[PDB]
Amino acid sequence: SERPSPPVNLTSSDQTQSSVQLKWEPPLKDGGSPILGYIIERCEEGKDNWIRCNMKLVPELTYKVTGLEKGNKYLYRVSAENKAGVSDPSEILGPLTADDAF
């Protein structure tokens, strides 16, 4: 068995000043072992220090990032983990502003 490929079609909804709902679809290949769950990371748009949002692996295909600072702008990525390892991250989503749409 080997690491899975990245999650695909990472999208967002329900953007607020403190949070955003992320959603994605499973990897095209699981590497021969089932995906245990996903790892969500965020990064302030001007930096390159990615913060892991979730402790326990998310087995679902959605996750609410919280603890955002109002007015800030964030990048997001998600990775898939099986017993063999962790995929490269998905394509980067954003920048997404922590605010209320027009």
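Novice: Teacher, can you tell me more about the pattern of salt bridges here?
Specialist: Close approach of charged atoms lets side chains of opposite charge pair. On inspection of all chains with the given rule, the structure shows four salt bridges. With a closest N to O distance of 3.4 Å, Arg-3 and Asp-88 form a salt bridge. Here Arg-3, found in the segment before β1 (8–13), pairs with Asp-88, found in the loop between β6 (73–81) and β7 (93–97); they are 85 residues apart in sequence, far enough to count as distant. When its relative accessible area of 41% is taken as the criterion, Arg-3 is described as partly exposed. Among the ionic pairs, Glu-44 bridges to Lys-47, the shortest N-O distance being 3.3 Å.

Novice: I'm lost on unusual backbone geometry in this one. Help?
Specialist: Keep in mind that most residues, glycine aside, have a negative phi and that most peptide bonds are trans. Here the bond from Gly-94 into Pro-95 is cis, since omega is 5°, no more than 30 degrees from zero. Along the polypeptide, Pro-95 turns up in strand β7. For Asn-9, which is not a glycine, the phi torsion comes out positive at approximately 55°. Within the secondary structure, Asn-9 sits in strand β1. Look at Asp-14: it is not a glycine, yet its phi comes out positive at around 55°. In this structure, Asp-14 sits in the loop between β1 and β2 (19–25).

The rules behind each value
Residues numbered from 1 in each chain as written, not as in the entry; some residues may be left out. Heavy atoms only, no water. Residues with missing side-chain atoms left out of burial classes, pairs and counts. Salt bridge = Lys/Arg side-chain N within 4 Å of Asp/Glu carboxyl O. Helix = DSSP H or I, 4+ residues; strand = E, 2+ residues; numbered from the N terminus. Buried < 20%, exposed > 50% of the residue type's maximum accessible area, 1.4 Å probe, protein only.

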